[PDB]
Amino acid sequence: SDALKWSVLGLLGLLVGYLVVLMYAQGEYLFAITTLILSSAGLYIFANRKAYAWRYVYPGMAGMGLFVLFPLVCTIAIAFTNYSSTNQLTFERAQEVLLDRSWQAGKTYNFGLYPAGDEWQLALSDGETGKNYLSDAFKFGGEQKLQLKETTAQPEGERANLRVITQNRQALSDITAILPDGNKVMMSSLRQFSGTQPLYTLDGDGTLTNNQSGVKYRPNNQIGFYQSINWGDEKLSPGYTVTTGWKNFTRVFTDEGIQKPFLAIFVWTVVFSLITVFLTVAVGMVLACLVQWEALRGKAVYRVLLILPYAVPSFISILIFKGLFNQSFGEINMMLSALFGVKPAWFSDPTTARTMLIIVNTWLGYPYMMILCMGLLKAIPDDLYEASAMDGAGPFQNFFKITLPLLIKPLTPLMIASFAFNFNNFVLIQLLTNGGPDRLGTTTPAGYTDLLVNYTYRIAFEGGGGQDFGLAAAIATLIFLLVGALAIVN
């Protein structure tokens, strides 16, 4: 394998280009361009030997680009638009939705399909006058008009069943039936012909005009709605997504109501994260040290049991804690009342709720830190402890003078990451406390255990304006710039 390299490089660079031009069809241009630069970067890297180092980095970087960075950019991109449940469709889809709207412009007749040899007859029945109408023999195929004739008689053919009506529904839907009094009628259901017509008709410049009221609407691309007409004060549903410059970013700074609890929520989130990280690292590290201690005879068993809080999905565990921590019922306070004669108010009192939250998070988080430390401890050579014994060290002195300092360095980036994660630990608070108890006076409501993300999620997705994705994205980007700045300084 020497000339095999360039043929393998050539064969892969053939699938690439093939896949790119094939994407250029239909019209996936973002996808064809992005797929091209990525492949070219890779083919370049494995082609020339002065890019050797990048061969190790590119596969991992590529994956990170696709599934971390791309979602990151989209979220940022959507921040500059009104994308929400109110304005969720593209302009095209919204217009399309409006053009499928109909209104009943006349009579409604139950219909029947009847064979006349190898041809067909259509019958219509007017329930409100007791009159019936029957067409001459016709063949299915394309847009045709049928003059109907009032009749007192029956068709000679046996009424066609639903299976036959269905098979022929397309051709049937292209028939325009004309009553003796000159009224157009068309298929509206599998059972009926009626005067159903479009509600709106598209002009050409882009003006939608309502056929029923005669009101005219044009696309207003500032707010993302068809609005009446020079702008009238009526807006059609559904709205459509549109760019909104800095609007979502300002609203966070504009609105004094949402800003009141901010600082107090911010301090709690920081403190919640700091303490979580400290306790999980401390508990996990100490346990990792113990469970590798040569003299501990059950360590193999202890080891496994200690990580089980992480083996079970946290969802059910959190809800169970919620039960265990119940103030009046629930087995923790039943234990505390029988032993120490006290029942902590774990949901009603702020500080106690926060203590509960940190207790549960530590239970959730220590196994992660333990498993990391289990591996990292293996990097410390055993003879450092031979030297430390010859220097007069005990186990506590070994821990603080050797073990801890040799672990803090590799732990630092992991702890910083854990701080960011816990900064936005939305789910824990929602399930356990729902952010309570209530901070009294908060115009937009906040509680004492709310993280920033919880409060923010409530404003964006609850709060009564539907789901404001644009606003959520904008906030997410702001809190990123904050925790990105808090992580870079730390």
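Numbers for residues come from their place in the sequence shown, where the first is 1.
- According to the record, 4 to 9 deposited residues between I229 and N230 are left without atomic coordinates.
- Between 323 to 331 and 367 to 375, the higher mean Cα B-factor belongs to 323 to 331.
- In this entry, the higher average B-factor at the C-alpha atoms falls on 206 to 214, of the pair 74 to 82 and 206 to 214.
- Comparing the C-alpha B-factors of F31, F421, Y457, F67 in the entry, the top value falls on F31.
- The PDB entry assigns the greatest CA B-factor among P238, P410, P395, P180 to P180.
- Compared with the other modelled residues of the chain, the Cα B-factor recorded for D118 ranks in the highest third.
- Among the modelled residues of its chain, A53 has a C-alpha B-factor that falls in the middle third according to the deposited record.
- The deposited CA B-factor of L274 belongs to the lowest third of values across its chain.
- In the deposited entry, the Cα temperature factor of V164 sits in the middle third of values across the chain's modelled residues.
- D349 sits in the middle third of its chain by CA B factor, as recorded in the PDB entry.
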